[PDB]
Every structure is written in structure tokens, then in C-alpha cells.
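# Summary of structural features
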Amino acid sequence: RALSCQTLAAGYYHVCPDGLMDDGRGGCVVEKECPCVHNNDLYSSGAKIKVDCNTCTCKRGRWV
Amino acid sequence: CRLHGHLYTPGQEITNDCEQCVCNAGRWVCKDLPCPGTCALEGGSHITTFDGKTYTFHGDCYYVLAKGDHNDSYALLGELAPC
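Notes on the structure in this doc start here. Here the residue numbering is sequential from 1 along each chain as its sequence is written and may not follow the entry numbering; residues with no coordinates are omitted from view. Both sets of labels track the order of writing: A upward for chains, 1 upward for ligands. Scope of values: the displayed chains only, which are part of a larger assembly. With hydrogens and water set aside, each side-chain value is computed from the structure's full complement of heavy atoms. Residues with missing side-chain atoms are left out of burial classes, side-chain pairs and their counts.

## A closer look at the overall build of chain B
Helical segments are the DSSP runs of H or I of at least four residues, strand segments are the runs of E of at least two, and each set is numbered from the N terminus. What chain B contains, in helices and strands, is 0 helices and 8 strands. When the helices and strands of chain B are read in sequence order from the N terminus, they spell out β-β-β-β-β-β-β-β. In this treatment the radius of gyration is a C-alpha quantity, and the globule benchmark scales as 2.2 Å times the residue count to the 0.38 power. At 21 Å, chain B has a C-alpha radius of gyration far larger than the 12 Å of a compact globule built from 83 residues. C-alpha atoms of chain B, sized along the principal axes, occupy 55 × 30 × 15 Å. Residue burial is assigned from relative accessible area. The probe radius is 1.4 Å, only protein chains are included, and a residue is buried under 20% of its type maximum, exposed over 50%, and partly exposed in between. The 83 residues of chain B split such that 13% are buried. Across chain B, every contact between residues at least 6 apart in sequence was considered, and the portion connecting residues at least 24 apart equals 8%. Any pair of residues with heavy atoms lying within 4.5 Å of one another is described as a contacting pair.

## Considerations on the packing of aromatic side chains
Planes of paired rings set the category: under 30 degrees apart is stacked, over 60 is edge-to-face and the rest tilted, where pairs are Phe, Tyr or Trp rings (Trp by its six-membered ring) whose centres lie within 6.5 Å. Per the counting criterion, the structure on display carries 3 aromatic pairs over all chains. For the pair A:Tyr43 and A:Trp63, a centre-to-centre distance of 6.0 Å together with 85° between the ring planes defines the contact as edge-to-face. Taken together, the residues A:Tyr43 in strand β4 (residues 41-43) and A:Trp63 in the segment after β6 (54-57) connect sequence positions 20 residues apart. The exposure class assigned to A:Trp63 is partly exposed, which follows from its relative accessible area of 29%. With centroids separated by 5.4 Å and ring planes inclined at 75°, the aromatic side chains of B:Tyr8 and B:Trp28 adopt a geometry described as edge-to-face. Placement of the pair is B:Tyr8 in the segment before β1 (13-15) and B:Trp28 in strand β3 (residues 28-32), with a sequence separation of 20 residues. Here B:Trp28 falls in the buried class, since its relative accessible area comes to 19%.

## Some words on the nonpolar core
Buried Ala, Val, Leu, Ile, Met, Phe, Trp, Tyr and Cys residues form a nonpolar core when they are joined through side-chain atoms within 4.5 Å. Grouped together as the largest cluster of nonpolar side chains are 5 residues: B:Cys1, B:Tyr8, B:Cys21, B:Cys23 and B:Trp28. Excluding anything up to four places from it in sequence, B:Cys1 contacts B:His6, B:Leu7, B:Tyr8, B:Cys23, B:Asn24, B:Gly26, B:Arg27 and B:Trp28.

## A look at the pairing of β3(B)
Residues and elements named next belong to chain B. A pair of strands counts as paired when DSSP detects no fewer than two bridges linking them. Judged from the 5 bridges that link them, strand β2 (residues 19-23) and β3 form a sheet pairing that is antiparallel. Pairing of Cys21 across the sheet is with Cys30, part of β3. Count of turn residues in the β2/β3 antiparallel hairpin: 4 residues, of which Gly26 carries a positive phi of about 95°.

The following block contains the structure:
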């Protein structure tokens, strides 16, 4: 069991201890402060980006 | 009506790939029919989704090819690695 903020929805079918997980940025991070990735760009939590009419927000590793 | 040649009378029906159509007064009226979808993985790396969208990846890992969404339905993976 080793999550990495990129296999969250994968399933973990087949280092950071229990709890903290890798974020792809460096040391291990909690699930709440997990960052987001978009177009090979790493954005921290609470980041704001627009898509052609709208606005988004990196909340908990996902985009709102 | 016409459909790639044959002059169809106003009322003759036909079965298309996933729909069946009837010649109305100059225009066809089509009703959808069930038909499945296909996802293909050809060659070393050639992925065709269920909606076409052909593309090439050339990955090295296990990947989630297709998994049921509810909680458990199924999970199809694959090993695309350098050969």
C-alpha cells in the first residue's frame, strides 16, 4: 500500500508510511493537502485555473 | 428518397448499421438500434477507444485498461513494456 496522488483512483492492484503518501513533488503528504496535475503542470491545493469560460479549483487532489 | 444509388420509394424501410430508417416525403426518418462498442489494442502500442480516438502511447507499466465504475464489477489491466 503506497499511494502517490496519481494512483488514487487506480486501485493499488499490484518510502511513505501508512497515512502519509507521496505527492509527486517531494516528501510525503497527507491526503487533504494532495496537489493536482494538469497538462504536466503541478498545482498546489486551492489553485485557480480557467477553461475557456469557467474557473476551477484544486481542492483535495481533484479539480472543482 | 436516395441512399448511395437505389431510388427508394416513399415508404420503403432499410436497416442501417445501428439504426433503421423509413423514407418520408423526401426525407428519411431513422430510429436507433442497439449495437455494442469495441476497444482495440493493436501492435506494440495502438489504442482505439470505444469512440474511435486512435492514439499511441508507448508506456512501461501496468495500466487500467478498463474497470467497472460501481465498486467491484471488473478490472482489465495490461502490460505494455519495452520489448
